[PDB]
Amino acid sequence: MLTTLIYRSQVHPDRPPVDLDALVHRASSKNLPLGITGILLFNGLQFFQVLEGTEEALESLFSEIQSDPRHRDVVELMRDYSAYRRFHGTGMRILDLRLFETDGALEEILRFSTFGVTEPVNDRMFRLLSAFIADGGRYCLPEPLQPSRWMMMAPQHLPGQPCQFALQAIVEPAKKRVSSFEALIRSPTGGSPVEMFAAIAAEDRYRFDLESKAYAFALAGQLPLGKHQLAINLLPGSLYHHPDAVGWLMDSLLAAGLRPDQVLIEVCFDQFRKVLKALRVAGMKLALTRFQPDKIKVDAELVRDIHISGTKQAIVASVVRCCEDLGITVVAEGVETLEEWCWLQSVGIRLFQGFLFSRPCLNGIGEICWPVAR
């Protein structure tokens, strides 16, 4: 089956310039008997390749390409089935973009390529080609943010309580500063939030979720929360199926020595409106045209393998800029590797949550690891 694969990479600037001649001749000779067509673009620092061929042929070729020491930071942009080949003849075609002016590069690409009966701009491949020629250095990883240049650097359980809480830091590595702490519910035997709520009866869950927060607040009050925010998780029903859950939380957090604005609530268009209204007037924080939260948390699945995914990179960069304009805090969660942190920081993330920095800590403030040079 005919498949299109599009990736982007960059060279090592510290090493001798990559031999484009030897690269292209060997590529052309190897691609032809395998039925592989396409084009390679080079701007001095970055490569950009379109590959067309069978799924079997492209999976094999890309593995060799990924593992090639001539380039690094291989970022996959597109991988889809195709109805027709855009590129014809076959040497692997190559353009050194340093030799082309404005629209001369697009003109040479369009010389031998076919993009159907409609305008080439209607083809995703052509648009991606155009974006690299126009602004390829956009998602080019900066030298200070190369992963290889970085490396990484007590309290008891309480079984007698109906529930307990583990605290995880949300950190800002650039200023080596804790931004907030999130309270995460744990069972009396140390189990996860799933295990806890499964041991509670179905008709009792909402009320348990709300009343569990008293233990999180008490934990937060006994710990040195030096003007740090505390985030707590709540089911929509826990706030809604209660006469005054906002007022309940208010009385509970104030009795523990906390302020309204110090507490953030992490979470049905109908029931949420009058609840958020009361939470806002109380002074608590919440985490687009209808309403705006104080914080948006980029999920772990967008964070996972962000260094190789041009889609995930584009989405996260789009979230950062939008939230900046709206005045909404952004936190990337589920950060497990140096690579993820580097790439998330390159697209504008400054606040992080994950096992790389700080693991959840049962009934206390855990230790934080910070990324340092070399």
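Residue indices: 1-based, along the sequence shown. Under this definition, the rigid core comprises the largest set of C-alpha atoms superposing within 1.5 Å between the forms.
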TODO: Consider 84 to 92 and 201 to 209 separately and indicate which one has Cα atoms farther, on average, from the shown form in 4 other deposited structures of this protein after rigid core alignment.
DONE: 84 to 92
Task: Core-fitted comparison in 4 other deposited structures of this protein, 178 to 186 vs 154 to 162, farther C-alphas - done: 154 to 162
Open item on the list: Can you count the deposited residues that have no coordinates between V267 and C268 and report it as none, 1 to 3, 4 to 9, or 10 or more?
Closed with: 4 to 9
Task: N122 preceded by how many uncoordinated deposited residues after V121 - done: none
Task: Between the two ranges 33 to 41 and 326 to 334, the one averaging a larger CA B factor in the entry - done: 33 to 41
- [ ] Could you settle it for me: does 272 to 280 or 75 to 83 have the higher average Cα B factor in the PDB entry?
- [x] 272 to 280
Task: Given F132, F112, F181, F126, the residue at which the Cα B factor reaches its maximum - done: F112
Task: Identity of residue with top Cα B-factor, from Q168, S212, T289, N233 - done: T289
TODO: Divide the modelled residues of the chain into thirds by Cα B-factor and specify which third, lowest, middle or highest, holds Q229.
DONE: middle
Open item on the list: Can you tell me whether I6 has a C-alpha B-factor in the lowest, middle or highest third compared with the other modelled residues of the same chain?
Closed with: lowest
Open item on the list: Quick check for you: using the entry's CA B-factors within this chain, is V194 in the lowest, middle or highest third?
Closed with: middle
- [ ] Report the third (lowest, middle or highest) to which the CA temperature factor of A255 belongs, ranking only the modelled residues of the same chain.
- [x] highest
Open item on the list: Among the modelled residues of this chain, does the Cα B factor of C140 put it in the lowest, middle or highest third?
Closed with: middle
